[PDB]
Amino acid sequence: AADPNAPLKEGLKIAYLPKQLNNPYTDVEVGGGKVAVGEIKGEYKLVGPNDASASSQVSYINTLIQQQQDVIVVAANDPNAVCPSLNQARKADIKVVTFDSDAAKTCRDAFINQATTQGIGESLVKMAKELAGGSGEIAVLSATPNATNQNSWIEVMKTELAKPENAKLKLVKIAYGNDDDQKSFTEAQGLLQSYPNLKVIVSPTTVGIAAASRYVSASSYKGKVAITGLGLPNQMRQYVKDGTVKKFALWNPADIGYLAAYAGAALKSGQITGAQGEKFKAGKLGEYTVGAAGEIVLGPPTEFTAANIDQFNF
């Protein structure tokens, strides 16, 4: 019973509960929510544990319920631990939008996903293919062997590589840097020594791509091997500006928070319910169509280059 013509309500109380307060990435993320909330003339609130807090997310959700927020935007640390309190909120007609990390499907109205695993894996292979000039060896520098996210992205990369059009690209090795600066550095060195014909190292970890770039930048492989992957714009800027890295991907965290506010407002205003195929407007981000199980995908990964790297600060 979505009414696309229902007006977005003013004065909505929209609260954000990230995984951890007070880090640059998270600040940019919820800061985007603050902008969107101001646009729709709502009231913005930020709560959450800090670095040396041992408080559960449940304690914060319960607080937001008692404060009678209209929308709770939350990055769930555990998909199920938050369910009882989130569903208590929804029983009180509070709309619940997860972001970054999702809760069990039955404990929120919508999930803002910054990029799908398909999107990420496609982008990694697409960038690798361009940098390799259409053919040649590539290697992955990953996080830990059991890393859930990287393992998903790598599986998508493999499915992509198995397509007829990517037949000339060969994945020769996956190395693990364990999201550790020094190990990632040494593993990058190891890849280049072991595979003299290597064209691209793809590192789908912010730690890993920075460490590989730092190695390549100060080695004899500068200009001779490409480095791409998933990186943080501020950490990667010096390597983009010095020519070591031409292209890499991630997403704009501010848009995640911004999109979450509009989705939450659309839910609370009756424009959408979270059913697949429903459409709504999200300000500067344009029109969105809700996907399966209430997932709303921000878009394909954002590509960073010298042409646009100063446009972002995180």
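Heads up: residue numbers just count along the shown sequence, starting at 1.
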Q.
Averaging CA B factors per stretch from the PDB record, which one is higher: 37-45 or 52-60?
A. 52-60
Q.
Regarding 199-207 and 162-170, which shows the higher C-alpha temperature factor on average in the entry?
A. 162-170
Q: Can you pull the Cα B-factors for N77, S194, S142, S123 from the entry and say which is highest?
A: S194
(Q) Looking at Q114, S101, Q182, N149, which one carries the largest C-alpha B-factor according to the PDB entry? (A) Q182
Q: Classify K105 as lowest, middle or highest third according to the C-alpha B-factor given in the PDB entry, relative to its own chain.
A: middle
Q) If you rank every modelled residue in this chain by C-alpha B factor, which third holds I138: lowest, middle or highest? A) middle
Q) If you rank every modelled residue in this chain by C-alpha B factor, which third holds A263: lowest, middle or highest? A) lowest
(Q) How does the C-alpha B factor of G291 compare with the rest of the chain: lowest, middle or highest third? (A) middle
Q. Where does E130 sit by CA temperature factor within its chain: lowest, middle or highest third?
A. highest
